[PDB]
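A.B. asks: Taken in order, these protein sequences are the chains called B and A.
Position in the first sequence (from 1) plus 87 gives the number in PDB author numbering.
Take the second sequence: its letters are residues 1 to 773, 783 to 1015, 1023 to 1111, 1122 to 1140, numbered as in PDB author numbering.
Just dropping this structure here.
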Amino acid sequence: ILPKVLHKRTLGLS
Amino acid sequence: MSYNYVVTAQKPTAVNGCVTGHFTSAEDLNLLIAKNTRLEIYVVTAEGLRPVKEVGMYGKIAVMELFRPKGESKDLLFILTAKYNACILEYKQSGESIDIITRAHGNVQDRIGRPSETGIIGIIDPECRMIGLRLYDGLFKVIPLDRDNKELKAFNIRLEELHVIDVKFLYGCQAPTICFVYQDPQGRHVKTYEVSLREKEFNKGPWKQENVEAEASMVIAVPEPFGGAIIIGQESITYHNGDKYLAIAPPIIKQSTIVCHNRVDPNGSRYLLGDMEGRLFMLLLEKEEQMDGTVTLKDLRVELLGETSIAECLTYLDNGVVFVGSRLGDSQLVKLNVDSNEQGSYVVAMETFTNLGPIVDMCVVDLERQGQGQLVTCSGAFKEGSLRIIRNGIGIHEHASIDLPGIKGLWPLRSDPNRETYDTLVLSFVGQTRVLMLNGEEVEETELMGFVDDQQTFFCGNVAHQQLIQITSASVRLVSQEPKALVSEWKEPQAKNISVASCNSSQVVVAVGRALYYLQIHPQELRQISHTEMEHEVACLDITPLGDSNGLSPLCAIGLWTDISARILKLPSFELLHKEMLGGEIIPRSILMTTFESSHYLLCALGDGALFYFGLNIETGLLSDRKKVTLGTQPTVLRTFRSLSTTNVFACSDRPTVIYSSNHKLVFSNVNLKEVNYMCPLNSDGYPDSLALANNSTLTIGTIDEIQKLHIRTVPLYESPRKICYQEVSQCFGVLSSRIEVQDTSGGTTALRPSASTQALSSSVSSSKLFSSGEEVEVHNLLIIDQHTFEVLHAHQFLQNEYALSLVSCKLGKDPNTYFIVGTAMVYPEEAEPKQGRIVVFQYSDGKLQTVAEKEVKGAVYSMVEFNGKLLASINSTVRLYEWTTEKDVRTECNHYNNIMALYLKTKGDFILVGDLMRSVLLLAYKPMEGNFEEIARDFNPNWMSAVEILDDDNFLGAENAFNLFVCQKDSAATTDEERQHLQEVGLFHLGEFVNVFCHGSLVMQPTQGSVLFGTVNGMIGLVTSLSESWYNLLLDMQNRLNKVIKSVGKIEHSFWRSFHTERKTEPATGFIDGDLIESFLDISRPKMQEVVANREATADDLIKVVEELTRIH
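Put into structure tokens, the structure is as follows:
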């Protein structure tokens, strides 16, 4: 789901 | 028409890799740390790690491995850059100066093949026969190692296995043998292949295929005593070798994924294991000596040692000291102990290293109400999250302030032959000298017996035999304390007044023009030891025991007048030794010799504001490093003080500077003060370990701050911060964070550890009834944090499954209050697009957090921004304006919406908007006719954006998934209805970082135009300015000249490196400049410096100045 994916990207694509 | 400039403001502090070994010399143990583009080189020692060399690369380091090929002194280094630049390097310390020579190099790109998921992997066979790369799906590239191939010609071998998870070479093989875990339909399997570099096939492998766990992901190759492979997964670890299968499944590992590993014992009987949670484990392999039959594995065992900081990187150093390389948190040195101390931890932290972690979001604030810039960041993830406050310069906090204009010198003064709590201070004025006293916090002002008070003093120190020196211009005098008497008085044989002083504790060296007299304070009187006359008038002098004595100064330093020169002399004789002329004809103001560690230094300030520096031998004298490093425009006056361990040089001028010690170099920081001219150290009974300082007309006394050129506060949150807004009128911050909770007996969520949101001074929960719509949960909260203490004043917890996504601090409509508004989203079990969220309006009024308003909303609130009185909010593909009523209601007209999903959003103090929807940057302006937003302009061309900014009304900066930057501009041409609708990419640049946030601010202020700061995933802070025609051109020039000169580690073209690079193109850099590269002009041997700058004027000393004006830009 877009949010978690986003928050991931922000931390280092993790 | 675009000219941009980018300087690093803070280098990347996250660590991407670290490797141990013997690369400096075989007789040494190194730790090598990988940054992004930086390689850090350490020697492991007794007191810890001693840094030897820090080198830059024109590439992101993606593979870093040491190896010794047969018949090779020490370890050689292998580095593969992310843009596919390979190279082998050697450390050569030949000169007392250091070198990273490129033994080999060449670019291993392939026109074919997609970038494999799990990324570039680089591996090397134990026989150093070859390098195996896995750059792309289906393709395994081989480089043979033999003494030639200095370009690294490689070949590929087709790899039938489509989807490779991890690879190593196996030990104890009679041919290179690869060992990998691949994925296909039926799960994941481990397989072997021999590498026949002779005929370039894969042949068969030493042992057949076996299935592994669905989440197998790390392959370890264990060395010769055992030889085989270990495969770490979730809930399972397994050993594989020939037909030998060993398997454990300790539940202790079933939670967090295992993420990294290192081997402790060369035998390979113990490995360290790193969790995503910071848990550290020991993996033990137990050996079996078989009555004459080598050793075998009987079993494996795991044991929880404790917790680190989420680690990219784990290096067993020696003697139970591990280096924990971290990326989401601070890195650290850690000692593994045999006995589990308190808490039942075998891990004890020795040392911690500041990482700005991922800088997730940030804002600039003039925090301590000074017209400066300070930066506060959301940094880290998880039980590693924090805020970081970043301030520019060294500061000092003030105790007393007394006014007394036109002072011209000061020296400290203890009033007893015993206790170093000095209780007196004496000021020299024009032609006077008034004396003081200290009852603690007080300053009364009468003199002592035998102190001239109608003579300007050039010294007010301490000597020998309960005695107080005063070298006034009238006459070098002596006054004892207990005997309280004039025990001596020297004067000049001709009644000529004295000029320059020089006085340690037990020695004196005056001057009366070109003349020099050396006197002595042996038992209770004066003693004319010497007299020489100099070629020219004496500007300045200096004498201090530089080691092998404790008062008797062996040598001296001297500033002259006509030949503008500095010199060294032997003091019992004054016999001219070595002397150095400097350029020009402005006078030396000060000269100074200081004892640091392992380079005895001496420097010279002139009077225009310039400074030159030279190390030397206290024993003899060798002309050292020469780089004219300007400071203020006022004549700098040097000085020595006391601080922490090492004590330093303090530059006095209009630009108060402090010179520290870098690598073993010297630090340059601003001191955040108006202007100092004279400054003396302290330790009193009213102001212990401190400093004294006089400006225009004020005297001051305080304590020096840290050390660095940037100063960094940390605020542990023990959870994840996501967003941050400053609220001036509340003098506080608002911060969205989240924490992970987990199932309990009740099924309900518990908590792994206490964090900001659980330990807050006050709290509150969401009681909205707006909805009637073993496992891990997120709980999102909004924190209120005090701008001064940084205590977590209050913490609101949102609803079950509410993820907050946006935050703003603003006023609305006509209501005078400032609120914190928060955009959320309701995140259910498995519903991809979420169809619900809220916009919550909060009030932090006198004391507590108040829930003012609510408005339900049908989707995720990805971004929001106060427009021109209303709240502009992007809700899940739709863009709506909201009204703040007078009844304090938020309302919209559902017919005035938008077909935009603004992941990222900014606004111009006009009616404009930069958005991003379907991988594209967008321009939109408010048309009140339609109550709408109108699409004025777009940037076609894909762009997976990560951040976005307005530079001015027609220019738009953007950052993207591929580490490139770019500027968009609108067309100034006809067809205003087509050519107008396409804004265009006027500038490109490969940054090498992943940008999370831009914001308009500076950390400089008490040449260029504008300033936007940005924060990286690697914790790098940067800055972008606009330039003119002449500069962008001058500088663009400078750059091209600069590449020609400047050495470049793995032989890589800055031009390749900086060129914008995606999957759909590779164009060269446009409209950009890296001050990083410009700034290294000052880091040059003048010889090379006269090569560059072979022609506006045309001078090195015209240019060396240009660059400095930019260094001041941050």
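Even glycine gets a Cβ: it sits at the ideal position worked out from N, Cα and C.
1. Does the beta carbon of residue 1192(A) come closer than 9 Å to any beta carbon on chain B?
2. What do you get for residue 1074(A), buried or exposed, if any count of 16 or more other CB atoms within 10 angstroms of its CB means buried?
3. Below 8 Å, how does it come out for the region 78-86 of chain A and the region 1065-1084 of chain A: are there three or more Cβ pairs, yes or no?
4. Considering only the alpha carbon of each residue, which of 899(A), 132(A) and 150(A) lies closest to residue 169(A)?
5. Going by other Cβ atoms of all chains shown within 10 Å of its Cβ, with 16 needed for buried, is residue 411(A) buried or exposed?
6. Between the region 347-381 of chain A and chain B, which residues of the former have CB atoms less than 8 Å from a CB of the latter, in chain order?
7. Listed from N- to C-terminal order along the chain, which residues in the region 705-728 of chain A have their beta-carbon within a distance smaller than 9 Å of any beta-carbon of chain B?
8. Considering residue 1094(A), what are the terminal residues of the beta strand (DSSP E) in which it resides?
9. Using a Cβ-Cβ cutoff of 7 Å, what residues of the region 1026-1053 of chain A are near chain B? List them in chain order.
10. On the three-state DSSP scale, how would you describe residue 932(A)?
11. Rounded to whole angstroms, what's the CA-CA distance from residue 855(A) to residue 896(A)? Just pull it up for me.
12. Counting only beta-carbon separations shorter than 9 Å, does residue 40(A) have a partner in chain B?
13. Would you mind stating whether residue 630(A) and residue 610(A) have Cβ atoms separated by less than 9 Å?
14. Can you check whether the CB of residue 832(A) is closer than 9 Å to the CB of residue 872(A)?
15. At 3 residues or longer, what runs of the beta strand (DSSP E) sit wholly inside the region 920-981 of chain A?
16. Quick check on the DSSP output: what are the complete alpha helix (DSSP H) runs of length 4 or more inside the region 645-697 of chain A, in order along the chain?
17. Would you decide whether residue 484(A) is buried or exposed? Buried here means 16 or more other CB atoms lie within 10 Å of its CB.
18. Would you be able to state if there are at least three C-beta pairs under 8 Å between the region 182-197 of chain A and the region 156-173 of chain A?
19. Of the residues 549(A), 755(A) and 1004(A), which one's Cα is nearest the Cα of residue 619(A)?
20. From the DSSP secondary-structure annotation, give me the bridge partner or partners of residue 893(A).
21. Closest to residue 407(A) by CA distance: which of 392(A), 429(A) and 393(A) is it?
22. Taking contact to mean at least 3 C-beta pairs separated by less than 8 Å, is the region 455-473 of chain A in contact with the region 502-521 of chain A?
23. Can you give me the Cβ contacts of residue 249(A) inside the same chain, cut-off strictly under 7 Å, excluding the 5 residues immediately before and after it?
24. Just to confirm my understanding: we take residue 446(A), look at its own chain, exclude 5 residues before and 5 after, and list those with CB closer than 8 Å. What are they?
25. Compare the Cα-Cα distances from residue 1107(A) to each of 401(A), 476(A), 1054(A) and 1078(A) and report the closest residue.
26. Does the beta carbon of residue 1007(A) come closer than 9 Å to any beta carbon on chain B?
27. Strictly by DSSP, which residues pair up with residue 774(A)?
28. Is there a Cβ from chain B that is less than 9 Å from the Cβ of residue 843(A)?
29. Exposed or buried, which one is residue 1002(A) when buried takes at least 16 other CB atoms within 10 Å?
30. Using a C-beta cutoff of 9 Å, does residue 840(A) count as contacting chain B?
31. Figure out for me which residue from 1033(A), 175(A), 343(A) and 1097(A) has the closest Cα to the Cα of residue 130(A).
32. Report the residues of the region 865-876 of chain A with a CB closer than 9 Å to any CB of chain B, ordered along the chain.
33. With respect to 8 Å, is the separation between the Cβ of residue 1046(A) and the closest non-hydrogen atom of the ligand NAP below this value?
34. Going along the chain, which residues of its own chain have a beta-carbon closer than 7 Å to the beta-carbon of residue 662(A), five neighbours each way excluded?
35. Quick check on residue 404(A): buried or exposed, where buried means 16 or more other Cβ atoms within 10 Å of its Cβ?
36. Kindly list, in the order they appear in chain B, the residues whose Cβ is closer than 9 Å to that of residue 327(A).
C.D. replies: Reading it off the structure:
1. With chain A running from 1 to 1140 in the structure shown, residue 1192(A) is simply not present.
2. Sequence index remark: in the second sequence, residue 1074(A) carries index 1058 (1-based). Residue 1074(A) comes out buried.
3. yes
4. The sequence position of residue 169(A) within the second sequence is 169, counting from 1. Minimum Cα distance to residue 169(A) is reached at 132(A).
5. Against the second sequence, residue 411(A) aligns to sequence position 411. Result: buried.
6. 358, 360 and 381
7. 720 and 722
8. Position 1078 of the second sequence, counting from 1, holds the residue named residue 1094(A). No beta strand (DSSP E) holds residue 1094(A); the alpha helix (DSSP H) holding it covers 1091-1095.
9. 1033
10. As a first step, residue 932(A) is located in the second sequence; it is residue number 923 there, counting from the start. Residue 932(A) falls in the strand class under three-state DSSP.
11. Along the second sequence, read from residue 1 onward, the residue named residue 855(A) stands at position 846. Along the second sequence, read from residue 1 onward, the residue named residue 896(A) stands at position 887. C-alpha separation (whole angstroms): 21 Å.
12. For the purposes of this step, residue 40(A) is identified with residue 40 of the second sequence, where counting begins at 1. No, residue 40(A) does not count as interfacial toward chain B.
13. For the purposes of this step, residue 630(A) is taken as the residue at position 630 of the second sequence. For the purposes of this step, residue 610(A) is taken as the residue at position 610 of the second sequence. Going by C-beta atoms, residue 630(A) is nearer than 9 Å to residue 610(A).
14. Residue 872(A) sits at position 863 when you count from the first residue of the second sequence. Residue 832(A) sits at position 823 when you count from the first residue of the second sequence. Yes; because the gap between Cβ atoms is below 9 Å, this pair is in contact.
15. 921-925, 930-936, 941-947, 954-959, 964-969 and 973-978
16. none
17. Your numbering for residue 484(A) matches position 484 in the second sequence. Under this definition residue 484(A) is an exposed residue.
18. yes
19. Counted from its first residue, the second sequence places residue 619(A) at position 619. Selected option, being the one with the closest Cα: 549(A).
20. Within the second sequence, residue 893(A) is the residue found at index 884, counting from 1. 899(A).
21. Within the second sequence, residue 407(A) is the residue found at index 407, counting from 1. Nearest option by C-alpha distance: 429(A).
22. yes
23. One-based indexing of the second sequence puts residue 249(A) at position 249. Result list for residue 249(A): 235 and 236, in chain order.
24. Position 446 of the second sequence, counted from the first residue, corresponds to residue 446(A). Hits under 8 Å: 435 and 437.
25. Position 1091 of the second sequence, counting from 1, holds the residue named residue 1107(A). Ranking 401(A), 476(A), 1054(A) and 1078(A) by Cα distance to residue 1107(A) puts 1054(A) first.
26. On the second sequence, residue 1007(A) is found 998 positions in, with the first residue counted as 1. Cβ-Cβ to chain B under 9 Å: no for residue 1007(A).
27. No atoms of residue 774(A) appear, because in chain A residue 773 is followed directly by 783.
28. Walking along the second sequence from the start, residue 843(A) turns up at place 834. Yes, because at least one Cβ of chain B sits closer than 9 Å to the Cβ of residue 843(A).
29. Sequence index remark: in the second sequence, residue 1002(A) carries index 993 (1-based). Buried is the call here.
30. Within the second sequence, numbered from 1, the residue matching residue 840(A) stands at position 831. Residue 840(A) counts as touching chain B.
31. By one-based count along the second sequence, residue 130(A) stands at place 130. Of the candidates 1033(A), 175(A), 343(A) and 1097(A), the one whose C-alpha sits nearest the C-alpha of residue 130(A) is 175(A).
32. 869 and 871
33. You won't find the ligand NAP in this model; it holds no ligand whatsoever.
34. If you number the second sequence from 1, residue 662(A) lands on position 662. Nothing listed; no residue qualifies.
35. Here residue 404(A) corresponds to residue number 404 of the second sequence, with the count starting at 1. Residue 404(A) is exposed by the Cβ-count criterion.
36. Position 327 of the second sequence, counting from 1, holds the residue named residue 327(A). Chain B residues near residue 327(A): 99.
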